[PDB]
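Here's the structure, in structure tokens; my notes come after.
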Number of protein chains: 2
Amino acid sequence: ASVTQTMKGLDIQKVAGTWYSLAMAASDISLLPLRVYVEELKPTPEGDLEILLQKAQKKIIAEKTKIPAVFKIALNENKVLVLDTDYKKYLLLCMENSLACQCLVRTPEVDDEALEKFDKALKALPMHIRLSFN
Amino acid sequence: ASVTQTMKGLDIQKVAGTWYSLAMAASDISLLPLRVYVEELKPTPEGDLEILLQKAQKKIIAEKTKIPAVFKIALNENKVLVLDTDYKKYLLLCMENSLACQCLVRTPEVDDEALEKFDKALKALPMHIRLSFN
């Protein structure tokens with residue numbers, strides 16, 4: 001991917017709280033290890049991102065970098081990419097080794113803005129597998 | 001490996017402090033990503049192990065398990081295995097995906113107990129690559 005595809009002007013503090021994985025996509029079929037469900041984001045006062053996820057709860061710390069929408073997690077290098085969020089409804093997030101992207105929503109209310117924007121974002125990226133849940 | 005090859009009666013509190021990587025060995029040549037140098041161990045009051053290492057300093061948290069010499073780190077599952085230590089001189093430590101083992105010493109004093117015991121421990125395990133440093 002490119003820095004061109006990451007989000008401009010992210011405020012990491014406003015993504016705090018609960019999220020639900022509506023859908024996932026990945027560059028390689030076997031990737032879906034990156035089959036992980038973001039349940040909560042907890043930014044730190046220092047600007048790092050704690051990720052609570054389901055696989056068993058895992059707690060991951062993605063550290064800030066010089067790119068405000070890109071965090072570094074480990075022995076195996078993984079980056080967390082925030083593609084886009086409105087903070088109140090949806091967050092598009094990618095984890096790179098190579099690439100898995102998740103469509104996160106604040107609540108599973110009947111509304112399809114998040115999934116339209118996920119699908120629009122994936123058009124640019126070479127994905128070989130796509131999942132959507134109930 | 002087996003639980004039979006992990007250490008009996010580990011006190012994680014006594015491995016606290018500085019260590020030096022004298023030597024590494026691994027199951028697969030390409031493994032030496034697990035080319036990481038343990039510089040410090042910091043056990044927590046809760047019994048988890050913080051690992052400071054050189055690759056750039058990385059800080060890894062290996063959580064306790066029901067096995068007192070085995071800690072769990074992440075998206076990719078890695079276990080840290082303490083094979084053997086006398087706490088004061090040497091620690092034999094393995095990181096599993098599959099397997100890399102390190103010979104750690106408290107100080108680079110002229111003494112070869114650590115390396116004899118590393119080599120004796122590796123006899124049992126299928127290693128294809130071995131490194132030793134100055």
Side-chain angles (χ1 to χ4, degrees), chain A residues 28-31 33-36 55-56 73-75 78 97-98, chain B residues 1 3 5-7 9-12 14-15 19-41 43 48-56 59-75 78-106 108 111-115 117-122 124-134:
Chain A
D28 163 50
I29 292 165
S30 71
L31 286 187
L34 297 171
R35 191 93 165 249
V36 296
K55 192 173 185 208
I73 292 166
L75 300 168
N78 284 111
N97 304 300
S98 269
Chain B
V3 289
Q5 290 159 323
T6 65
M7 180 173 175
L10 181 60
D11 184 6
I12 201 58
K14 279 152 73 193
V15 314
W19 292 94
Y20 299 92
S21 291
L22 294 192
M24 298 177 198
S27 66
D28 163 50
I29 292 165
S30 71
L31 286 187
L32 292 169
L34 297 171
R35 191 93 165 249
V36 296
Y37 314 95
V38 172
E39 71 186 341
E40 195 177 350
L41 297 179
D48 306 319
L49 182 60
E50 309 192 346
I51 312 166
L52 299 189
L53 51 86
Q54 230 60 34
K55 192 173 185 208
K59 166 160 169 171
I60 302 307
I61 308 89
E63 291 182 354
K64 57 203 154 67
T65 65
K66 312 281 176 175
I67 319 166
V70 185
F71 303 80
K72 269 192 198 210
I73 292 166
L75 300 168
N78 284 111
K79 295 172 156 69
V80 182
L81 287 52
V82 187
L83 302 189
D84 192 36
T85 183
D86 61 1
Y87 307 107
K88 71 195 155 45
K89 185 141 90 295
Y90 74 88
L91 194 154
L92 315 190
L93 170 148
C94 296
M95 292 179 223
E96 192 184 47
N97 304 300
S98 269
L99 199 60
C101 306
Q102 289 195 35
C103 176
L104 311 182
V105 293
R106 281 300 200 176
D111 185 68
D112 74 341
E113 175 169 8
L115 281 179
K117 276 170 168 178
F118 188 59
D119 283 350
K120 285 177 196 166
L122 296 179
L125 303 160
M127 299 302 190
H128 282 92
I129 177 158
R130 289 156 287 273
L131 316 172
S132 58
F133 317 104
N134 312 351

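Naming: A, B, ... by sequence-line order, numbering from 1 per chain. Note: hydrogens, waters and symmetry copies are ignored here, and every other heavy atom, side chains too, is used.
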Closest heavy-atom contact between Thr6(B) and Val3(B)? OG1-O, 2.7 Å

Does the side chain of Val70(B) reach to within under 4.5 Å of the side chain of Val80(B), using non-hydrogen atoms? no

Trace of the side chain to side chain contact (heavy atoms under 4.5 Å, CB included) decision for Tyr87(B) with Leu10(B): CA-CA 9 Å; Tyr87(B) 307 107; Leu10(B) 181 60; 3.8 Å; yes

Considering all heavy atoms, the nearest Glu96(B)-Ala1(B) contact: OE2-N, 4.3 Å

Test side chain to side chain contact (heavy atoms under 4.5 Å, CB included) on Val82(B) and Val15(B); report intermediate values, then the result. CA-CA 10 Å; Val82(B) 187; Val15(B) 314; 5.6 Å; no

I'd like to check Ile129(B) versus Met24(B) (side-chain heavy atoms, cut-off strictly below 4.5 Å). Are they in contact? no

Residues in salt bridge (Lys or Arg N to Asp or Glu O under 4.0 Å) contact with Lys88(B), at least two apart in sequence or another chain: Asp86(B)

Residues in salt bridge (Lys or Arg N to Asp or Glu O under 4.0 Å) contact with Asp28(B), at least two apart in sequence or another chain: none

Minimum heavy-atom distance between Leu92(B) and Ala114(B), given as atom pair plus value: CD2-O, 4.0 Å

Checking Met95(B) against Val38(B) for the side chain to side chain contact (heavy atoms under 4.5 Å, CB included) test, could you report, in this order, the C-alpha distance in whole Å, the side-chain angles of both residues, the deciding distance, and whether it holds? CA-CA 11 Å; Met95(B) 292 179 223; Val38(B) 172; 4.2 Å; yes

Using the rule given for side chain to side chain contact (heavy atoms under 4.5 Å, CB included), can you reason through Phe71(B) versus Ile60(B), listing the C-alpha separation, both sets of side-chain angles and the distance that settles it, and then say yes or no? CA-CA 11 Å; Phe71(B) 303 80; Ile60(B) 302 307; over 6 Å; no

Can you tell if the side chain of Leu34(A) reaches within under 4.5 Å of the side chain of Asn97(A), non-hydrogen atoms only? yes

Given side chains that start at C-beta, do those of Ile12(B) and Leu49(B) come closer than 4.5 Å, heavy atoms only? yes

Would you give the length of the straight line joining atom OG1 of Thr65(B) to atom CG of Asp48(B), rounded to the nearest 0.5 angstrom? 10.0 Å

In chain order, what residues pass the side chain to side chain donor-acceptor pair (under 3.5 Å) check against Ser21(B), with sequence neighbours excluded? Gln102(B)

So, taking the atom named OH in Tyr90(B) and the one named CD in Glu113(B), what distance separates them when rounded to the nearest 0.5 Å? 5.0 Å

For residues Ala26(B) and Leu31(B), report the shortest heavy-atom separation together with the two atoms involved. CB-CB, 3.9 Å

Can you give me the closest heavy-atom contact between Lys55(A) and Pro33(A), atom names plus distance? NZ-CA, 3.7 Å

Gap separating the CG atom of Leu93(B) from the CG atom of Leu83(B), nearest 0.5 angstrom: 7.5 Å

Report the distance from atom SG of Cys103(B) to atom CZ of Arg130(B), rounding to the nearest 0.5 Å. 14.5 Å

Tell me the closest heavy-atom pair linking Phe118(B) and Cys101(B), and the distance in Å. CZ-O, 3.3 Å

OG (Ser27(B)) and NE2 (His128(B)) are apart, to the nearest 0.5 Å, by 8.5 Å

